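Only one chain is given next, in structure tokens, and it is the form deposited in one PDB entry.
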């Protein structure tokens, strides 16, 4: 659970344990001795808790400590079982904390989307926890999916085939050079009509059990191929902490997205943002005031709309609701 429990740890099958011993079954060209089972860690710490949608304590807790908890719980476990020998590289923690930050924040935006869709479709405005009821006029057409995009993804595959296609007429008359596309961590797309009546988009999850991990993370498949170009509503990049070299992959990808979607496909301004918990060198805010490169060719707006620093789980959800309430005003009911 969120608070460590000697009882629940002793009760885990060895395969569900948060630390895995691999000393006597090692990985080629790796001296890793103990592995951080991040999926188990999600299962154990957020198995029943989705920050911002649980207890008042959790929701308004410092989000840093919320995202820190699994690795803390894992470290406690490891010391219980392997008192002298428990050792994990700082880079094991860095990798896991980054993914847990992406996954949990994507899980908070799932439950928002769900609550929001429920309102849009003519069910209530759910109130546990209480959150400002949106003032937008409901319509099943204003629903949204929140897609935690996977590693190795290409975002152009979200687009409907007509549009993958106009991004190749242009791409074709352009090749030893090309123009590849990568991925935001997360995209918020307008729900496609086909799916506007399906129930899975209105159901909040109770926790990041393995099957709920799978539900959220496979969700992009369902939408591959069915999203129009002005219907990609937000892109997010999660970086837990910042360093000045680690800023540029979102800034590049926002520019490319903007060049293709706005210039070669006619979408409105592509809203792209970055979430961090530790911006240190506030260079970062000034760096993300960068003009969109493509737009300085035409006749202008930002490439990255905002560096956002969430204080609490619940703040994440206020902002995203406020977003939807504003942004889906565009879309017709």
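Residue numbers count along the first chain shown, from 1. So that the term is clear: the rigid core is the largest set of C-alpha atoms that superpose within 1.5 Å between two forms. Residues that one form lacks are left out of the comparison.
The form deposited in another entry is left out here; the points below concern that form.
- After superposition on the rigid core, the Cα of residue 313 moves by less than 2 Å between this form and the one not shown.
- The two forms, fitted on the rigid core, differ between this form and the one not shown by 2 Å or more at the CA of residue 18.
- With the core superposed, residue 9 shows a C-alpha displacement of at least 2 Å between this form and the one not shown.
- Core superposition between this form and the one not shown reveals a single run of 3 or more residues with every CA shifted by 2 angstroms or more: 1-23.
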